[PDB]
Amino acid sequence: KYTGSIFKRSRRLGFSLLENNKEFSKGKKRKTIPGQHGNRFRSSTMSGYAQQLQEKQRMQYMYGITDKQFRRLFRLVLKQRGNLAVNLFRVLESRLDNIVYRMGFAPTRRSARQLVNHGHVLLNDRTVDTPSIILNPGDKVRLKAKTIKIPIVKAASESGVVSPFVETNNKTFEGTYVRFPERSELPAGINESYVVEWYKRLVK
Amino acid sequence: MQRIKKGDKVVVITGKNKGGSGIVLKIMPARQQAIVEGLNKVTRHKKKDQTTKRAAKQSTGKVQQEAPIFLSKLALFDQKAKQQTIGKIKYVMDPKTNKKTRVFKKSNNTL
Amino acid sequence: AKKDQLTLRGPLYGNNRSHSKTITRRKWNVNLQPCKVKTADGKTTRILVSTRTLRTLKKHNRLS
Amino acid sequence: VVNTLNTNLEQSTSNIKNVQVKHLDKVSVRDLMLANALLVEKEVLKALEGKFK
RNA sequence: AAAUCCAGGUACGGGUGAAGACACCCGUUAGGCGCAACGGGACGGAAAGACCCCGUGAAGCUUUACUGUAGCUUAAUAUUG
RNA sequence: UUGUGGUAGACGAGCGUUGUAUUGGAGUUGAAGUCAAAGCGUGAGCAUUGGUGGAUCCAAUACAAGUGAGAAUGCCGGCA
RNA sequence: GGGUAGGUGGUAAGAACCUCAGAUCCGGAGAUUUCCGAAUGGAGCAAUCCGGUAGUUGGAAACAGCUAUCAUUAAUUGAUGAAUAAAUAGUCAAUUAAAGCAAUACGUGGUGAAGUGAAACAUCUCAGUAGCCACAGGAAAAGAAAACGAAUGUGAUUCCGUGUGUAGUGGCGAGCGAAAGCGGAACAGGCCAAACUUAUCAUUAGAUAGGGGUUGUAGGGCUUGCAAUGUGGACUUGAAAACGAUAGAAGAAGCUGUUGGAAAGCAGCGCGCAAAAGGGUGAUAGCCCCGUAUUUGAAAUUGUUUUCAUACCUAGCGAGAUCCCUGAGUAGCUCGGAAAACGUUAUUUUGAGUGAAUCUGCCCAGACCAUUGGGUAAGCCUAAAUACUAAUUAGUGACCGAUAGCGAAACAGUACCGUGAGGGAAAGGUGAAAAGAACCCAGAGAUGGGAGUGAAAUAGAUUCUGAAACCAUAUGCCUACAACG
Ligand SMILES: [Mg+2]
Ligand SMILES: [Mg+2]
Ligand SMILES: [Mg+2]
Ligand SMILES: [Mg+2]
Ligand SMILES: [Mg+2]
Ligand SMILES: [Mg+2]
Ligand SMILES: [Mg+2]
Ligand SMILES: [Mg+2]
Ligand SMILES: [Mg+2]
Ligand SMILES: [Mg+2]
Ligand SMILES: [Mg+2]
Ligand SMILES: [Mg+2]
Ligand SMILES: [Mg+2]
Ligand SMILES: [Mg+2]
Ligand SMILES: [Mg+2]
Ligand SMILES: [Mg+2]
Ligand SMILES: [Mg+2]
Ligand SMILES: [Mg+2]
Ligand SMILES: [Mg+2]
Ligand SMILES: [Mg+2]
Ligand SMILES: [Mg+2]
Ligand SMILES: [Mg+2]
Ligand SMILES: [Mg+2]
Ligand SMILES: [Mg+2]
Ligand SMILES: [Mg+2]
Ligand SMILES: [Mg+2]
Ligand SMILES: [Mg+2]
Ligand SMILES: [Mg+2]
Ligand SMILES: [Mg+2]
Ligand SMILES: [Mg+2]
Ligand SMILES: [Mg+2]
């Protein structure tokens, strides 16, 4: 609104109040801010629950999930018959892109999800574009032919590597399974069940 | 490609002229018309105008010319076939010259 | 304008309430009082400032 | 009236403005009673019995 | 062209009537249609009467009507030893 | 058997227009529109024929309304 | 790049050309881009006038061509430099940004009425609305507890439903009306100052540039050890891949007869469909044409996502010392106002005045005190859910169909009105195809009557259908002694 001349006022005091609030010294912190936030965890003393909370983050991250979707899946499985500690494991492992990554035609789980969303993926009684449909234990997932028309081929090899609860034949692009993953195939990265009781408190 | 070109033999499949054979002299793509010689002969009442060196005479009586015809009413005429018939055409691409060529679907005749 | 040069705090507009709560708009003005200071080699330059900044100036040793 | 959304049946009956195919969770009163004729799958009827309660 | 115009084929006397009638009652008079005139009437035309009253209508103006306020003046306080 | 004058008003039963949903039907051998006539109804209203006209329209049951013009010194257009 | 055999924009015929060495046309990327206009060399009555400087070409010079540059403000830097020795003010030069506009729409802030209601009116309402102004952004604002609040309680902000028209607030009148809790959409918490320490400033630093730190079941610094080499971001550069956007390619199936001016209608016999959406074709076409379903394709530009690597950030649990740091004209208080539902009051804010303390600390739990409990003010940044559509693509409508729908279906903000701001219309349809009536007659001609084209000319340019009021003609009846809603 005039010749404010920030030099004139800033130097005018050299400490005061406004200069120090504003002090051009103000650095960038353009990486400190982001990274530390990122994601944290640890266990504490006063609430105990710290262990449970951290495990949820790991579990949710292992599959690339937003917390809201997880609450829906827990609500679904919660009501049924009884001690369902065998059901929700099948539900959490029934993701199509999870099966596609565990099927072995993608280098990483998120890449498989991207593929699924990009329309690589052919199902049985249906087809698939959304990478979140909950699949049934005994279902087939025939891979497209256009994907093989784009030979990056490197994938097929991973497929054979596999893990015992999935049966897939390389090159021929076909897959199914039975005897749903036991806890051995769900390694000690996240193997606990008191986060489960926690979700009954947070989710009715 | 185009169904009708300038030059190919054509007939009329609807209207007063049925089996009306002629040669297409010119094609208007925008108005979907086609001038075919010998068909749709109209005789404009020719006035007399004298305002130019050529208009000093401009001898015009009962000149009968050609009226344009909708391209839908036209149908390609077969010539290679022993029994000429009216049919539809394809747009096959032969790898011999990589050029698009029209071929009938009730026979195997090119163009 | 009627404003301080050190800070940017200016007038405060409000109501002039009287008996019977009759409303009339009024203006509170800041205490612009001349003041001389020593900055950049002690260069004195008269600056119209609010009494609050003057008290702030007095305690901060600048005013000497 | 179909419970498993067969694709071959949906590939057909789509250029026919007359006939149509629907799931149990998609039919309504008007779609059912406009039919004048309908072909029901055996497991759809059993699923109906479950739904009817 | 114009204002006007509910449809009209549009007399007078006495009476009647929303209380002063071309149209109602009782009588009298009068062939159909123009033209030039003058204004009696059609409570003639133009202007939802300016006068009067009503509206818990408007606006302008006045004052020791009410409530406030610009301005003027006095004191405390800060700049102010 | 007792009834049926009627303003303000209360109540009940219907007509008509356009469109939508289901059925059926007519139409260049002539639909809508539009004019005329010596028809049918208790009322809104509804037909028949002929002329003009040249492409949509009708019947039933429901549904939704910018749904019914005589007046506002009402608006617009035309003509006295 | 795609794509062909036509093209030279509409009222538009003709004349003259271009085009198969691939035209016109569509898409991507570029080139040129007069003057006014933020207008910015100076002015000025907008599309005009008058220049300076440095080059270069003609002239013998004035001069005239051809180029580039010349506004102001702010920041940085350098040079020069007054009153007055120094030093500044000032002056000059260079570099970097700012100007303005629009999306009749959303955001923030400042300012801010009145008509009206209360059946008058002043408190109040209207309403923090209209308007004025400033600043943006693609959203903005808000935001991580000195909090809610009464409990073995929740644990940033934002938005929706309920709580409810409840508690309350109101000349207790008209009226106004939450905050908790609960159910949902989305979810994210970070970073400085001070301690302590390093280096440098006539080191009077009280300043500059680094390491250390970011708190509440207090945190950090001081000294001393164990365990760590990771996980994750609101993150930089690259490489690769995938999904698209900006032109496109292919894309099935019918004949006969009848009315008819014309068949696609009607009837007979057929055919195709992942195509029976639609448009045109002389009537009403699944199979005439263009298309549609479906399968495909990008030289160039661009969007989203993923993978790999790569900068930049990011890390636990102990012991002792009892020492230091934790945001002051600040929080409070007084005098006038305001924000919250509250008409000023516990909480928030401020115009004037005054003014604290430092974890045995400070604030809060609707005056206030004590106990209990909760939380760490006076520093900063923060995606998502949220608000809107001038525009681009596709599409829809028990929406309108020339007095309707935008004022504007036509060349409408035009004609026109006003000095100006401003106000502001009406007007669409020949025929399938102009085949737009050659020729003859009357007339000066327009025009009319024939002829001709056409299914129709009473479809003729006055051009779909053509209602009434209104004006004329005529068959038949009545009417010139007659008082007439
Ligand atoms: Mg007021
Ligand atoms: Mg007149
Ligand atoms: Mg009397
Ligand atoms: Mg009388
Ligand atoms: Mg009078
Ligand atoms: Mg009056
Ligand atoms: Mg009054
Ligand atoms: Mg005084
Ligand atoms: Mg009655
Ligand atoms: Mg109807
Ligand atoms: Mg008729
Ligand atoms: Mg109406
Ligand atoms: Mg080319
Ligand atoms: Mg008022
Ligand atoms: Mg009032
Ligand atoms: Mg923001
Ligand atoms: Mg094609
Ligand atoms: Mg085809
Ligand atoms: Mg068709
Ligand atoms: Mg307090
Ligand atoms: Mg308030
Ligand atoms: Mg404490
Ligand atoms: Mg603190
Ligand atoms: Mg209009
Ligand atoms: Mg009109
Ligand atoms: Mg004629
Ligand atoms: Mg007409
Ligand atoms: Mg007589
Ligand atoms: Mg007589
Ligand atoms: Mg009489
Ligand atoms: Mg009589």
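As stated in the entry header, the method of structure determination is cryo-EM and the reported resolution is 8.7 Å.

Asker: Describe in detail the protein's contact with RNA strand E, supporting the description with residues and values.
Answerer: Residues and elements named next belong to chain C. In the neighbourhood of RNA strand E, the contacting residues comprise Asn16, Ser18, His19, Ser20, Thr22, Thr24, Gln33, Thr51 and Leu54. Each atom of RNA strand E within 4 Å of the protein belongs either to a base or to sugar and phosphate, the latter forming 83%. In this structure, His19 approaches RNA strand E through a main-chain N or O atom, which is 3.0 Å from a phosphate oxygen. Within the side chain of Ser20, an N or O atom sits 3.3 Å from a sugar or linking oxygen of RNA strand E. Per-class residue counts for the surface near RNA strand E are one nonpolar, eight polar and no charged.

Asker: Could you give an account of the packing of helix α5 (residues 67-78) of chain A against helix α11 (residues 194-202) of chain A, with specific residues and numbers?
Answerer: Residue and element names in this part refer to chain A. Packing of α5 against α11 brings their axes to within 11 Å, and their N-to-C directions diverge by 95°. With respect to α11, the element α5 is oriented roughly perpendicular. For the pair formed by α5 and α11, the contact residues are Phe70, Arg71, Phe74 and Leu78 on the first element and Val196, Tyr199, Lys200 and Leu202 on the second. In terms of residue class, the contact of α5 with α11 is made up of six nonpolar, no polar and two charged.

Asker: Account for a positive patch on the surface, naming residues and giving values.
Answerer: All names here are of chain B. A cluster of basic side chains, namely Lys88, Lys90, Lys105 and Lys106, defines a positive patch on the protein surface. Relative to the helices and strands, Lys106 is located in the segment after β6 (100-104). The exposure class of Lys106 is exposed, given its relative accessible area of 67%.

Scoring rules and cut-offs
Residues numbered from 1 in each chain as written, not as in the entry; some residues may be left out. Chains lettered and ligands numbered in written order. Part of a larger assembly, values for the part shown. Heavy atoms only, no water. Near = heavy atom within 4 Å. Polar contact = N/O pair within 3.5 Å; in protein donor to acceptor, adjacent residues only side chain to side chain. Nonpolar A, V, L, I, M, F, W, Y, C, P; charged D, E, K, R; others polar. Axes fitted to C-alpha atoms, helices over the stretch in contact; angles between N-to-C directions. Helix = DSSP H or I, 4+ residues; strand = E, 2+ residues; numbered from the N terminus. Parallel < 35°, antiparallel > 145°, perpendicular 65-115°, else oblique. Contact = heavy atoms within 4.5 Å. Patch = residues over 30% accessible without salt bridge, like charges linked within 9 Å, V, L, I, M, F, W, Y side chains within 5 Å. Areas by Shrake-Rupley, 256 points an atom, 1.4 Å probe, with all protein chains shown as cover. Salt bridge = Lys/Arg side-chain N within 4 Å of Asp/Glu carboxyl O. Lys, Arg positive; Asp, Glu negative; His and termini not counted. Charge placed at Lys NZ, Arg CZ, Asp CG, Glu CD. Buried < 20%, exposed > 50% of the residue type's maximum accessible area, 1.4 Å probe, protein only.

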